[PDB]
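Structure data (mmCIF, C-alpha atoms; chains and numbers go by the auth columns) from upload17.cif:
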```
data_protein
loop_
_atom_site.group_PDB
_atom_site.id
_atom_site.type_symbol
_atom_site.label_atom_id
_atom_site.label_comp_id
_atom_site.label_asym_id
_atom_site.label_seq_id
_atom_site.Cartn_x
_atom_site.Cartn_y
_atom_site.Cartn_z
_atom_site.B_iso_or_equiv
_atom_site.auth_seq_id
_atom_site.auth_asym_id
ATOM 1 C CA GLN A 1 -111.186 -0.851 -27.328 0.00 1 A
ATOM 2 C CA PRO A 2 -114.917 -1.644 -27.875 0.00 2 A
ATOM 3 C CA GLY A 3 -115.178 -2.997 -24.330 0.00 3 A
ATOM 4 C CA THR A 4 -114.179 0.358 -22.844 0.00 4 A
ATOM 5 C CA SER A 5 -116.133 2.297 -25.473 0.00 5 A
ATOM 6 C CA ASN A 6 -117.307 5.794 -24.562 0.00 6 A
ATOM 7 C CA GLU A 7 -116.020 8.231 -27.203 0.00 7 A
ATOM 8 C CA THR A 8 -117.898 6.342 -29.894 0.00 8 A
ATOM 9 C CA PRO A 9 -121.202 8.239 -30.487 0.00 9 A
ATOM 10 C CA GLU A 10 -121.813 5.690 -33.236 0.00 10 A
ATOM 11 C CA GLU A 11 -122.262 3.012 -30.583 0.00 11 A
ATOM 12 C CA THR A 12 -124.913 5.069 -28.807 0.00 12 A
ATOM 13 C CA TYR A 13 -126.907 5.408 -32.023 0.00 13 A
ATOM 14 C CA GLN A 14 -127.049 1.639 -32.571 0.00 14 A
ATOM 15 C CA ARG A 15 -128.333 1.077 -29.035 0.00 15 A
ATOM 16 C CA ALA A 16 -131.060 3.679 -29.505 0.00 16 A
ATOM 17 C CA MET A 17 -131.907 2.111 -32.864 0.00 17 A
ATOM 18 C CA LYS A 18 -133.006 -1.015 -31.000 0.00 18 A
ATOM 19 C CA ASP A 19 -135.513 1.081 -29.047 0.00 19 A
ATOM 20 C CA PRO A 20 -138.825 1.344 -31.003 0.00 20 A
ATOM 21 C CA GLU A 21 -139.542 4.760 -29.481 0.00 21 A
ATOM 22 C CA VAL A 22 -136.246 6.087 -30.787 0.00 22 A
ATOM 23 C CA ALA A 23 -136.827 4.866 -34.336 0.00 23 A
ATOM 24 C CA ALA A 24 -140.268 6.455 -34.510 0.00 24 A
ATOM 25 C CA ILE A 25 -139.124 9.845 -33.192 0.00 25 A
ATOM 26 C CA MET A 26 -135.922 10.038 -35.265 0.00 26 A
ATOM 27 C CA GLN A 27 -138.099 9.501 -38.329 0.00 27 A
ATOM 28 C CA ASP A 28 -140.064 12.604 -37.306 0.00 28 A
ATOM 29 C CA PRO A 29 -138.830 15.891 -38.936 0.00 29 A
ATOM 30 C CA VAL A 30 -140.126 17.866 -35.937 0.00 30 A
ATOM 31 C CA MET A 31 -136.899 17.320 -34.015 0.00 31 A
ATOM 32 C CA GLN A 32 -134.776 18.615 -36.890 0.00 32 A
ATOM 33 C CA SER A 33 -136.733 21.869 -36.840 0.00 33 A
ATOM 34 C CA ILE A 34 -136.241 22.256 -33.071 0.00 34 A
ATOM 35 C CA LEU A 35 -132.460 21.976 -33.353 0.00 35 A
ATOM 36 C CA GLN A 36 -132.315 24.589 -36.110 0.00 36 A
ATOM 37 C CA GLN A 37 -134.483 27.002 -34.132 0.00 37 A
ATOM 38 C CA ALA A 38 -132.257 26.498 -31.086 0.00 38 A
ATOM 39 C CA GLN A 39 -129.336 27.857 -33.097 0.00 39 A
ATOM 40 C CA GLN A 40 -131.358 30.957 -33.925 0.00 40 A
ATOM 41 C CA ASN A 41 -132.437 31.258 -30.283 0.00 41 A
ATOM 42 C CA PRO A 42 -131.919 29.085 -27.139 0.00 42 A
ATOM 43 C CA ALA A 43 -135.536 29.622 -26.061 0.00 43 A
ATOM 44 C CA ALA A 44 -136.721 27.911 -29.255 0.00 44 A
ATOM 45 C CA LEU A 45 -135.893 24.412 -28.030 0.00 45 A
ATOM 46 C CA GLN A 46 -137.089 25.305 -24.523 0.00 46 A
ATOM 47 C CA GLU A 47 -140.728 25.762 -25.554 0.00 47 A
ATOM 48 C CA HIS A 48 -140.391 22.542 -27.524 0.00 48 A
ATOM 49 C CA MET A 49 -139.481 20.570 -24.402 0.00 49 A
ATOM 50 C CA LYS A 50 -142.535 22.006 -22.647 0.00 50 A
ATOM 51 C CA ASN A 51 -144.800 20.851 -25.482 0.00 51 A
ATOM 52 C CA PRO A 52 -146.291 17.398 -24.640 0.00 52 A
ATOM 53 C CA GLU A 53 -145.753 15.896 -28.099 0.00 53 A
ATOM 54 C CA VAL A 54 -142.236 17.238 -28.445 0.00 54 A
ATOM 55 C CA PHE A 55 -141.489 16.594 -24.764 0.00 55 A
ATOM 56 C CA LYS A 56 -141.752 12.826 -25.226 0.00 56 A
ATOM 57 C CA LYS A 57 -139.758 13.012 -28.472 0.00 57 A
ATOM 58 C CA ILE A 58 -136.906 15.161 -27.174 0.00 58 A
ATOM 59 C CA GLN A 59 -136.482 13.167 -23.943 0.00 59 A
ATOM 60 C CA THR A 60 -136.444 9.799 -25.737 0.00 60 A
ATOM 61 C CA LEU A 61 -133.360 10.614 -27.820 0.00 61 A
ATOM 62 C CA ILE A 62 -131.588 12.216 -24.843 0.00 62 A
ATOM 63 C CA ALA A 63 -131.939 9.101 -22.693 0.00 63 A
ATOM 64 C CA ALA A 64 -130.791 7.090 -25.700 0.00 64 A
ATOM 65 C CA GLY A 65 -127.600 9.194 -25.738 0.00 65 A
ATOM 66 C CA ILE A 66 -128.327 10.208 -29.334 0.00 66 A
ATOM 67 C CA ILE A 67 -128.352 13.929 -28.584 0.00 67 A
ATOM 68 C CA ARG A 68 -126.265 15.956 -26.137 0.00 68 A
ATOM 69 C CA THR A 69 -128.152 18.627 -24.200 0.00 69 A
ATOM 70 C CA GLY A 70 -125.568 19.304 -21.486 0.00 70 A
ATOM 71 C CA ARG A 71 -123.513 22.451 -20.922 0.00 71 A
#
```
Re-express the file's structure as structure tokens.
Amino acid sequence: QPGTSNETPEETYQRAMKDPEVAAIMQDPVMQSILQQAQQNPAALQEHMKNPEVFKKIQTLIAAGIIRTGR
């Protein structure tokens, strides 16, 4: 049921798509590189979050529910 949606990641993407900050960041290849590095080492993404430019980028998609960073 769309009303009780929650297991539909696709819905989250659309919402984030409406946010101008999300569109701009998703179009940036920097985030793709961070994810890959994280696979090679967990500390890779950590230093990225600390970085001011990447910090804003990473956080934007998280709040938008586009990326899961929980554990």
query: Near residue A:26, counting only C-alpha atoms, which residues have an atom at most 12 Å away, once you skip same-chain residues fewer than 6 positions from it, shown as an NGL selection string?
result: :A and (13 or 16-17 or 19-20 or 32-33 or 54 or 56-62 or 64 or 66-67)
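Counting from atom CA of residue A:65, the distance to atom CA of residue A:11 is 9.5 Å.
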Edge lengths and centre in Å, axis-aligned, stretch 37-51 of chain A plus 8 Å each side, as JSON:
```
{"center_x": -137.1, "center_y": 25.9, "center_z": -28.4, "size_x": 31.5, "size_y": 26.7, "size_z": 27.5}
```
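Among A:15, A:63, A:30, A:6, the residue with the shortest atom-to-atom distance to residue A:48, counting only C-alpha atoms, is A:30.
You will find atom CA of residue A:12 at 24.0 Å from atom CA of residue A:46.
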Length of the atom CA of residue A:55 to atom CA of residue A:34 vector [Å]: 11.3 Å
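Using only C-alpha atoms, the smallest distance between any of A:9, A:69, A:4, A:18 and residue A:38 comes from A:69.
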